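To start, the structure under review is shown below, and the notes come after it.
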Amino acid sequence: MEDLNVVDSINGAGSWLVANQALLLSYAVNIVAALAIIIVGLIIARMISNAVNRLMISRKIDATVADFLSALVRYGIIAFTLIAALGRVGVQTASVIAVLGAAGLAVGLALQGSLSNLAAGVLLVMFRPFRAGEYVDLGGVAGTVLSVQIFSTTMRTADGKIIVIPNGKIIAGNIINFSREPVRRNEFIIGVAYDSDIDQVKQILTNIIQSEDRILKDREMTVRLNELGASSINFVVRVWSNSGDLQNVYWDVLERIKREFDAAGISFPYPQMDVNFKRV
Amino acid sequence: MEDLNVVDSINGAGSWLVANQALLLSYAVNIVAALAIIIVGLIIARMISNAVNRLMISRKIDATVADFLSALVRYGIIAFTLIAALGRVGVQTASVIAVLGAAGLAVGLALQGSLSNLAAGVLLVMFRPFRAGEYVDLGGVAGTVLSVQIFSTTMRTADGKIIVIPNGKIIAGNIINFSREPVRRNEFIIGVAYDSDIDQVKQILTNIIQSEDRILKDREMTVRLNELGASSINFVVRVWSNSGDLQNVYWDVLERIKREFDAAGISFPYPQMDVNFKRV
Amino acid sequence: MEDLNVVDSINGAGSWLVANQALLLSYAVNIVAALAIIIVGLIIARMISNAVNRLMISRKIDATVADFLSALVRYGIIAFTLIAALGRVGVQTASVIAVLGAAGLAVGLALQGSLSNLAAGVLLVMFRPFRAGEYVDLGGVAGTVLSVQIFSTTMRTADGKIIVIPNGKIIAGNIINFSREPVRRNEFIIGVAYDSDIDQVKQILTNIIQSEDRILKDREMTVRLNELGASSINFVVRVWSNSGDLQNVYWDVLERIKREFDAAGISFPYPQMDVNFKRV
Amino acid sequence: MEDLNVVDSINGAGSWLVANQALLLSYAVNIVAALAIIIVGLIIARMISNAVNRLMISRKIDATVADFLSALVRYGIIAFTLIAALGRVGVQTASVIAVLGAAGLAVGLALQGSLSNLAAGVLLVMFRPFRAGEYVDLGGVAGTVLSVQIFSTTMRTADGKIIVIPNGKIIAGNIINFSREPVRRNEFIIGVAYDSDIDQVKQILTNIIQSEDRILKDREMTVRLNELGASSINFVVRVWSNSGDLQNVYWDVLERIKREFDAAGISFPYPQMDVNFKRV
Amino acid sequence: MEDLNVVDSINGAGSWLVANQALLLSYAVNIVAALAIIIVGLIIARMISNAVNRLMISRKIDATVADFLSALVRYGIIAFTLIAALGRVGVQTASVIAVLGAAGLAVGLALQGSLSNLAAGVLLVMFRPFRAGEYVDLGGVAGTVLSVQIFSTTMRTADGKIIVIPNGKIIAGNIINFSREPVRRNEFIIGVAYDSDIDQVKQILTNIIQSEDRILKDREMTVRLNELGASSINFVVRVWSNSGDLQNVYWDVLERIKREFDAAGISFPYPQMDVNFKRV
Amino acid sequence: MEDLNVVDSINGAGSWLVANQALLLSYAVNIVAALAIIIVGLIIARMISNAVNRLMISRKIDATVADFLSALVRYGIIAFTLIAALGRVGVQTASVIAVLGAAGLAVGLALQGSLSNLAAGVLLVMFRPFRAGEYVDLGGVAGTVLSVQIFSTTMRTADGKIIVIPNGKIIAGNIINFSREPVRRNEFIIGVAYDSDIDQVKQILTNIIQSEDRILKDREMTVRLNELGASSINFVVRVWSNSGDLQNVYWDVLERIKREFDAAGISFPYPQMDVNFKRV
Amino acid sequence: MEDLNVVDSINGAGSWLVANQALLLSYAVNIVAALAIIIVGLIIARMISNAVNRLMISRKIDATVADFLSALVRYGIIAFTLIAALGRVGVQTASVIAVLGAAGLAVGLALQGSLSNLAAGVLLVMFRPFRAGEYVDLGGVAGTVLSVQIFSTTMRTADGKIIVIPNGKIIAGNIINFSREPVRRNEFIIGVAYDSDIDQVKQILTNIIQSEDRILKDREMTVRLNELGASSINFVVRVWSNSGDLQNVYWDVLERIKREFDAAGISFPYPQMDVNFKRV
């Protein structure tokens, strides 16, 4: 367009930039004021966030949630400072909040799971359905809980494993607790031959469970016929013992059951099979 | 830019701060008024929440929902106080509500599952499909319910387990109740040899179930041939008894069935097999 | 700041509170008017909700949906009541509606599933794919429906078990009705030895079902060779009978099949397999 | 506050209500006119909904979608009436529209599945991938379709079952149509001994399938060795027949195969095992 | 209220309707003009939708998307028509746009999957990963594709089945194409006795695959020992052939393998089993 | 209404249309201007989209993402053009943007999956975890990658199969790469009789793996007893070789292992069984 | 319409374009100013994003999150510039922000998961549940972690595999760490004959584990009878050793157990089976 796209417009057109010097000075002053407002807002936001966190901690509020609200307050104040600065810039204060809301929505979509994990961790720590050192199962993975972080928990399996579970999945599934009740129940299933004397087996098992000191005598001690298996008669034995002695009692009772069953002549049956013959 | 970025602008420029002292005093007064508004709003919010909770508790409303809505009222009032305080400050009253809405959306995304669990727990307590001490199954985990908390239920398995289930998953799945009906039905599957006399087996089982005092005689007592198994004829026996006697009746009936079947000469068959010889 | 933070500002500054007496009186009048508006709105909302529920119930509308929409009307009217009250207070009427909007969104985040269950209950009660008293299957659980509550369905398993299913899950999955069609079909699979005479077996099975009075002769009665099993020839028998006689007909036909097969010399084959011998 | 909360403000203060008699009359007139507007809006909404449904039914539009959108227009008109009435009362129409939007959002969250089922039912009826009377499978459940309702389909399994499937789930999964194609293919798997003559077996099967009049001779008829099984040589036989004769042809061909193989000396092999002996 | 609810207000109060006749005439004129505007908008929307559809179809655009966005334009234009008409009625257009938005949101929640099905159909038709007559697998169901409709795809299984699959699910899962490559590979697993000569078996299989004309000699033809099975040595044979000859080559090669293995004395082993005697 | 619905209103009422000729001309001019604006906006949108696509392609931006932003810019510009045109028509510019927003929301609900697939494809191209010609597994389906299109990826399975997978699914699941490392590990499980000499077996396996030139001697070569099986002692052999020689090394080592095990007298055991005899 | 659609309107109508020359010049000036604003905004956005990233990197902020926030600021500033330019051209500044919000919503739906992957990757690096070179399990896939990229992780399975896992799935599932604890536990299951001497077996196993120097003697070393198997007495042996020696200890202990069990005469039992003879 002849001279419209040349020095008549670029390089300030010689005198066009000079004639607009006052406008440039005003814009520079506005930008400087906006930057100063930004700096002041950041400083006051950090100060007020620290102050409110300290105040909340004093009022018996948990550290994690107090930090969460302190960070939320800090983010709100810095967003307010950005609103004020861009209003001083003159961007209608509406597109500014729209852009900030879009950015916050993107950040929320990014976090979602992490924030849910944080909330679940807060709930876990304040209800404490399980605590450090307590043996519990967490939805298919069982072990001793070491500690509960803000986003995840660390638990040690009996074999020395280290397992980290996000806190969000913890509250969604079941919380299988092994070490809450001081007393728990063992269950033995014993297979005997079909010709074995039921009364003798019951009496022997009753003697075995009677001779154990770690079995709670004041609770139920079930020794009864359970079901007629395909190749073996199955007896069910249920006894109660302290959670600490649960495993040892199981092994001791099983070893004894084996020993007296061998001595008494009661036979543990191999898989029975019945064969009929024809010639061809 | 020469002297624009030096003491001519920083350190109050000597007299610029002196001239702006009036505006600084006005802003300080505004900030003090806003802080006083925040304090009085927090105090009145706490008082109003306590008052409304106390009032509605008397109106036969459940404690959990009353506390929840009292907390909602308190949060609403503190948000309103923040709106008023920042309007006094001059943060356009629209960016403030937008940022508060974004924070509330983040908090809602955080809670989601937990707050749904709270709603579910409210539903369970007043409908009471199950209650403390009642033996129920909650989708693969069965035990005695101990208590129904606001977010979760603690239930004890028959073996001494302590099970914690979030309330939200409870209502989503089936509620399998064992102890609501005072009378329940047992089922026995008895395998006998193919050459066994059907009439004799049926008559013996009928005698066995006739002599049991804990079996309800006024209800159906089926002793019928069920299906021709691969290696055994299977009879089905169904009897009804009070829920407290179910297991004892099952065990006693099975043990008797074994005794009279042994005495009558009816044989429980091992896995049957027919073998044909070929020489190679 | 010298005396700015002392009695010159606190305790009403002596005369500052006195000079502000008119504004405090005006604010007290505003608060009293707002509270009176709240009370009037609550009472009128309750009256209007009761009136509309009573009116629409008479117009052949279901009780559950009528109660739901009456509660919705009551909540709406109290929402307008709070809007008007806080406008009287002077809370800009926009932050107010934003606050109740966030509260309603949180309430929805509570509901989802339970409100869906209520809607599903409405659909079930109005379409009645099943009705109380009949035997149905609702996605893996079978039993007799006892009643259909507004949130859940109570059904009794054939063994006396009490089963509670949320209404929402029922409509999402299949609804199998065992008792809708008055006539149903049994299916027998009979395994016979490979050397058995096919014509004799078919003729005997035809005789057995011909003499059953509870089998519908006007419908198809298939007795045909179904498949050549690994160890047995399998015959399929399909007969139709009234739903009330299905199990009894099944049991009687099976017992007869066994009796005449024993008499006719037709042998039910045990698991067949032949062995080739080598010495090593 | 002395006499602020006494007869001086309650019970119309003697003359305060009288001085406000004109304002009370104006409010009463406003309420009466608002109720009249509501009644007029309701009646005109009903008239317009009926008129539009009648008009669109004539224009070859399906009844279900026409009724749905007529109800939508009815709800829109009553919503407009509520807006007009509540705004003319002076509620600013903004809280009014927000409350109605929240109620509509709650209703939509409640429906969701039901409305999706209605849309799916419309799609199924207008595309008719299956039609009432034909035998089809809908994702694991097979039977004859009885009818397609607006919300769900009733379908009868071959054994007399009555199964109701929500329309939404139907369109999400596969629609397996057993009866669309008039001709279908049977498949036989025949196990014969390893020493059996392959040519003789193939020739016998070819004779068997050649003599069947219901087998389409113009289509492929494969009789070929399929795979060398663990204990048997497996032949695959594939023939085509009209969908009405599919089952009968299967049974007839299987029975003829058994009869000819018995006569021809070809042996169906029992499960094979090879045994090596050692003494210990 | 004395005479407030009598002929003094109902039945037009005699002269009140006479006085308001002018307003009634104005309202009637407004309603008539609004209805005329609705009619004009509807007809012009239909015309514009048809015109834009035709013009864009002329511009090499697919018919499905053309009809879709033409319907979108029609719905948009009728939406503007409703906005204009209801604004001329005096409904402020804000409640109008909110109600129409709520209706559109409900319609979208209804459609959702169906509209996704249309988009998936468009993607499949324009990318054509498969086409009519091409034998493919779409996630567990395999067959010859017949046609691809806008919402669902119809395909015929090899046995005469008719399969209808929504387009949305097809694109979400794997699309396994069976006939895109003109050449494909067969795999044979041959079990032989442990004492069989490996070199003889390998040489015989090599001759068998050498004597087949339909096996591509220019591609890999592996005949190697694959793994030492429990009872049999398993050889793997992999050959390549044209997709049209894949099945026939498999059957021919298997039948030959059987014939020359019988001729050469190489034995296909039955499940070998080892037995030790002890007397008891 | 007498003559209100007749020629006095229709057919322009004779002179009513004539008296409004200027207004009709103004409306026609407005419509013509709006259509011209639409045409100009479409042309300029296409031009600017082409220009920006070319510029981004020149600025080392990937072709797919450049095309995506070009299409986004074109759609945005045509949206602004429609806004301006309907503002010229006079449709309040707010209902217009609401209608376009609803249309865009519907289009987004339609695409959703496709747009996610496009983004996943862009990520897959730019990080290239796999590349054309490289053999990988992508969640249960393995084969050689042919190409990665914008919406989906194509793969050839080792048997010549054709698989097309959406890109969105690829990034969601694991990307299992077979051909990244130049060296990979084989694993042999060898079952031997319980009486076999462990030292002899280990020495023979070591001799076998030493003589293989394609086995990397600089890496670990594990030959150790792994576990005591039910019927066989299982040795584990792990060797490393270049990815190109993996299968050939496996086959050669297995065949040798068989040969020297036969030569040395070490026996591969058949399934062992212990039988105890009793007479009945 | 006569001459309305001809040169009187097109080609600038001769003088109509000339009369509007000033308006065209003003529009061209506005467009040039808008383009200059766009260029300046892009330049300043790039400069600010480069500066802020460098600024926060110095403040001990992670590189990934710093780059993410820098990109967010750049996109925000370019959006602000677009708002300013489209305000200058005169598009009401409202439809502009609506279109940009729709585009951002589409982009968010596109990335959605990928952005969540970036957030998960940021979470992983700071808490480092696993680190490069550390052998861990990622929910069904186990291997040595090579590196943690921003969207995915590369991990090498023990057999030379290359495994790529999206970061999002990592944080959602369990994280099992095999190499965090320096000491881990072994578990041996040893099956012995029923007649074997329990004390002898226990003493021999204890002697085996006492003689291993790599087994931690200060931790539990359980050698107890575990359960009575179908055909074998099963002993459980649990020992603890350093993670580096786990597999070697396992192999050595197993080989010894075999050797001294062979020497001591203790027999590993083959699958026992019980056979009863009958003649037919």
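Here, A, B, ... name the chains of the structure tokens in the order displayed, residue numbers run from 1 inside each chain, and ligands are numbered from 1 in the same displayed order.
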
Near-residue D:174 list (12 Å; only C-alpha atoms; drop same-chain fewer than 6 positions) as a VMD selection string:
(chain D and resid 129 to 130 136 to 142 168) or (chain E and resid 138 to 141 152 to 155 162 to 170)

Please produce an output containing N, CA and C atoms for each residue in the selection, written as a PDB file, in the first residue's frame.
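After the write, out00.pdb holds the following:
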ATOM      1  N   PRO D 129     -32.880 -53.064  14.346  1.00  0.00           N
ATOM      2  CA  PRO D 129     -31.912 -54.147  14.113  1.00  0.00           C
ATOM      3  C   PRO D 129     -32.483 -55.507  14.455  1.00  0.00           C
ATOM      4  N   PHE D 130     -33.384 -55.567  15.431  1.00  0.00           N
ATOM      5  CA  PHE D 130     -34.185 -56.753  15.678  1.00  0.00           C
ATOM      6  C   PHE D 130     -35.637 -56.327  15.826  1.00  0.00           C
ATOM      7  N   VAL D 136     -32.958 -63.871  19.108  1.00  0.00           N
ATOM      8  CA  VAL D 136     -31.722 -63.097  19.092  1.00  0.00           C
ATOM      9  C   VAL D 136     -31.032 -63.196  20.445  1.00  0.00           C
ATOM     10  N   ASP D 137     -29.794 -62.705  20.482  1.00  0.00           N
ATOM     11  CA  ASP D 137     -28.980 -62.651  21.693  1.00  0.00           C
ATOM     12  C   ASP D 137     -28.589 -61.203  21.940  1.00  0.00           C
ATOM     13  N   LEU D 138     -28.641 -60.778  23.203  1.00  0.00           N
ATOM     14  CA  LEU D 138     -28.378 -59.384  23.539  1.00  0.00           C
ATOM     15  C   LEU D 138     -27.229 -59.250  24.529  1.00  0.00           C
ATOM     16  N   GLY D 139     -26.145 -59.985  24.308  1.00  0.00           N
ATOM     17  CA  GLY D 139     -24.994 -59.871  25.180  1.00  0.00           C
ATOM     18  C   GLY D 139     -25.003 -60.863  26.324  1.00  0.00           C
ATOM     19  N   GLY D 140     -25.161 -62.144  26.003  1.00  0.00           N
ATOM     20  CA  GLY D 140     -25.157 -63.196  26.994  1.00  0.00           C
ATOM     21  C   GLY D 140     -26.519 -63.754  27.343  1.00  0.00           C
ATOM     22  N   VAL D 141     -27.597 -63.078  26.959  1.00  0.00           N
ATOM     23  CA  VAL D 141     -28.953 -63.556  27.194  1.00  0.00           C
ATOM     24  C   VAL D 141     -29.654 -63.695  25.849  1.00  0.00           C
ATOM     25  N   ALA D 142     -30.144 -64.897  25.563  1.00  0.00           N
ATOM     26  CA  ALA D 142     -30.736 -65.213  24.275  1.00  0.00           C
ATOM     27  C   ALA D 142     -32.186 -65.634  24.455  1.00  0.00           C
ATOM     28  N   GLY D 168     -30.907 -48.966  27.156  1.00  0.00           N
ATOM     29  CA  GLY D 168     -29.589 -48.357  27.071  1.00  0.00           C
ATOM     30  C   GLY D 168     -28.473 -49.379  26.996  1.00  0.00           C
TER      31      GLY D 168
ATOM     32  N   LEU E 138     -13.562 -57.626  15.531  1.00  0.00           N
ATOM     33  CA  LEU E 138     -13.777 -56.356  16.216  1.00  0.00           C
ATOM     34  C   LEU E 138     -13.894 -56.527  17.725  1.00  0.00           C
ATOM     35  N   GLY E 139     -13.006 -57.317  18.321  1.00  0.00           N
ATOM     36  CA  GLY E 139     -12.993 -57.447  19.765  1.00  0.00           C
ATOM     37  C   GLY E 139     -13.751 -58.647  20.288  1.00  0.00           C
ATOM     38  N   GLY E 140     -13.407 -59.833  19.793  1.00  0.00           N
ATOM     39  CA  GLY E 140     -14.021 -61.066  20.231  1.00  0.00           C
ATOM     40  C   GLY E 140     -15.049 -61.636  19.282  1.00  0.00           C
ATOM     41  N   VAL E 141     -15.524 -60.851  18.321  1.00  0.00           N
ATOM     42  CA  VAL E 141     -16.472 -61.314  17.317  1.00  0.00           C
ATOM     43  C   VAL E 141     -15.848 -61.119  15.942  1.00  0.00           C
ATOM     44  N   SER E 152     -24.315 -48.029  13.535  1.00  0.00           N
ATOM     45  CA  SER E 152     -23.890 -49.381  13.862  1.00  0.00           C
ATOM     46  C   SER E 152     -23.381 -50.073  12.609  1.00  0.00           C
ATOM     47  N   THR E 153     -22.613 -51.137  12.819  1.00  0.00           N
ATOM     48  CA  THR E 153     -22.041 -51.927  11.740  1.00  0.00           C
ATOM     49  C   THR E 153     -22.618 -53.335  11.760  1.00  0.00           C
ATOM     50  N   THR E 154     -23.088 -53.791  10.604  1.00  0.00           N
ATOM     51  CA  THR E 154     -23.627 -55.134  10.442  1.00  0.00           C
ATOM     52  C   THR E 154     -22.567 -56.020   9.806  1.00  0.00           C
ATOM     53  N   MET E 155     -22.412 -57.228  10.339  1.00  0.00           N
ATOM     54  CA  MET E 155     -21.383 -58.148   9.879  1.00  0.00           C
ATOM     55  C   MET E 155     -21.856 -59.579  10.080  1.00  0.00           C
ATOM     56  N   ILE E 162     -25.752 -63.027  12.147  1.00  0.00           N
ATOM     57  CA  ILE E 162     -25.892 -61.607  11.844  1.00  0.00           C
ATOM     58  C   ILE E 162     -25.545 -60.830  13.103  1.00  0.00           C
ATOM     59  N   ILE E 163     -24.509 -60.002  13.020  1.00  0.00           N
ATOM     60  CA  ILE E 163     -23.962 -59.298  14.174  1.00  0.00           C
ATOM     61  C   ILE E 163     -24.130 -57.806  13.942  1.00  0.00           C
ATOM     62  N   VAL E 164     -24.700 -57.113  14.922  1.00  0.00           N
ATOM     63  CA  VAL E 164     -24.835 -55.662  14.887  1.00  0.00           C
ATOM     64  C   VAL E 164     -24.039 -55.096  16.052  1.00  0.00           C
ATOM     65  N   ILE E 165     -23.069 -54.243  15.743  1.00  0.00           N
ATOM     66  CA  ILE E 165     -22.168 -53.667  16.731  1.00  0.00           C
ATOM     67  C   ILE E 165     -22.252 -52.151  16.615  1.00  0.00           C
ATOM     68  N   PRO E 166     -22.449 -51.423  17.712  1.00  0.00           N
ATOM     69  CA  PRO E 166     -22.402 -49.960  17.636  1.00  0.00           C
ATOM     70  C   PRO E 166     -21.030 -49.485  17.182  1.00  0.00           C
ATOM     71  N   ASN E 167     -21.027 -48.425  16.374  1.00  0.00           N
ATOM     72  CA  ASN E 167     -19.774 -47.919  15.824  1.00  0.00           C
ATOM     73  C   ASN E 167     -18.865 -47.381  16.920  1.00  0.00           C
ATOM     74  N   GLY E 168     -19.449 -46.865  18.001  1.00  0.00           N
ATOM     75  CA  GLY E 168     -18.643 -46.266  19.054  1.00  0.00           C
ATOM     76  C   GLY E 168     -17.706 -47.251  19.719  1.00  0.00           C
ATOM     77  N   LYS E 169     -18.195 -48.460  19.991  1.00  0.00           N
ATOM     78  CA  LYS E 169     -17.375 -49.446  20.685  1.00  0.00           C
ATOM     79  C   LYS E 169     -16.299 -50.007  19.761  1.00  0.00           C
ATOM     80  N   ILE E 170     -16.594 -50.079  18.463  1.00  0.00           N
ATOM     81  CA  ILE E 170     -15.666 -50.635  17.483  1.00  0.00           C
ATOM     82  C   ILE E 170     -14.366 -49.843  17.477  1.00  0.00           C
TER      83      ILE E 170
END

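Within 7 Å of stretch 53-59 of chain F, once only C-alpha atoms are used and residues closer than 5 positions along the same chain are dropped, the contacting residues are residues 66, 67 and 70 of chain F.
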
I need the residues from that last selection saved to file as a PDB file, in the first residue's frame (with N, CA and C atoms), if you can.
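Result saved to selection-v9.pdb:
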ATOM      1  N   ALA F  66       0.304 -28.649  13.771  1.00  0.00           N
ATOM      2  CA  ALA F  66       0.133 -27.428  12.990  1.00  0.00           C
ATOM      3  C   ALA F  66      -1.217 -27.414  12.287  1.00  0.00           C
ATOM      4  N   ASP F  67      -1.604 -28.542  11.688  1.00  0.00           N
ATOM      5  CA  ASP F  67      -2.918 -28.636  11.060  1.00  0.00           C
ATOM      6  C   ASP F  67      -4.030 -28.487  12.089  1.00  0.00           C
ATOM      7  N   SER F  70      -4.309 -24.881  12.909  1.00  0.00           N
ATOM      8  CA  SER F  70      -4.856 -24.182  11.752  1.00  0.00           C
ATOM      9  C   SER F  70      -6.366 -24.368  11.665  1.00  0.00           C
TER      10      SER F  70
END

Using only C-alpha atoms, which residues of chain A come within 8 Å of chain G, and what is the closest atom pair for each, with the distance in Å to one decimal? Give it as CSV, sorted by chain and residue number.
residue,atom,partner,partner_atom,distance
A:91,CA,G:84,CA,7.4
A:95,CA,G:97,CA,6.5
A:96,CA,G:80,CA,7.6
A:98,CA,G:97,CA,7.5
A:99,CA,G:76,CA,6.6
A:102,CA,G:101,CA,7.2
A:103,CA,G:72,CA,7.4
A:106,CA,G:108,CA,6.7
A:109,CA,G:112,CA,6.8
A:110,CA,G:116,CA,4.5
A:111,CA,G:119,CA,6.5
A:113,CA,G:172,CA,7.9
A:114,CA,G:120,CA,8.0
A:158,CA,G:185,CA,7.9
A:159,CA,G:185,CA,4.6
A:160,CA,G:184,CA,4.5
A:161,CA,G:178,CA,6.0
A:162,CA,G:177,CA,5.0
A:163,CA,G:176,CA,4.4
A:164,CA,G:175,CA,5.0
A:165,CA,G:174,CA,5.1
A:166,CA,G:172,CA,6.7
A:169,CA,G:172,CA,7.7
A:251,CA,G:225,CA,6.4
A:254,CA,G:227,CA,7.4
A:255,CA,G:225,CA,6.6
A:270,CA,G:273,CA,5.9
A:271,CA,G:273,CA,5.2
A:272,CA,G:274,CA,4.4
A:273,CA,G:275,CA,4.9
A:274,CA,G:276,CA,5.0
A:275,CA,G:277,CA,5.5
A:276,CA,G:278,CA,4.9
A:277,CA,G:279,CA,5.3
A:278,CA,G:280,CA,6.1

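For the pair atom CA of residue B:236 and atom CA of residue B:222, the interatomic distance is 7.5 Å.
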
Per DSSP on the backbone, what are the alpha helix (DSSP H) residues of stretch 8-237 of chain B, as number ranges by chain?
B: 16-58, 63-89, 95-111, 113-127, 167-172, 198-210

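Excluding residue F:210 itself and same-chain residues fewer than 4 positions from it, the residues having an atom within 12 Å of it are residues 203, 204, 205, 206, 214, 215, 216, 217, 218, 221, 222, 223, 239 and 253 of chain F, counting only C-alpha atoms.
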
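Taking atom CA of residue B:157 and atom CA of residue A:147 as endpoints, the distance between them is 26.0 Å.
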
I need the residues in stretch 180-274 of chain E that are strand (DSSP E or B) according to DSSP; give them as a PyMOL selection string.
chain E and resi 183-192+215+222-228+233-242+272-274

Can you tell me which residues surround residue A:31 at a distance of at most 12 Å, considering only C-alpha atoms, apart from same-chain residues fewer than 4 positions away, and format the answer as a count of residues only?
14

Residue G:265 environment, 10 Å, only C-alpha atoms, sequence neighbours closer than 4 positions dropped, as an MDAnalysis selection string
chainID G and resid 196 260:261

Provide the atom CA of residue C:128 to atom CA of residue C:145 distance in Å, to one decimal place.
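Going from atom CA of residue C:128 over to atom CA of residue C:145, I get 11.8 Å.
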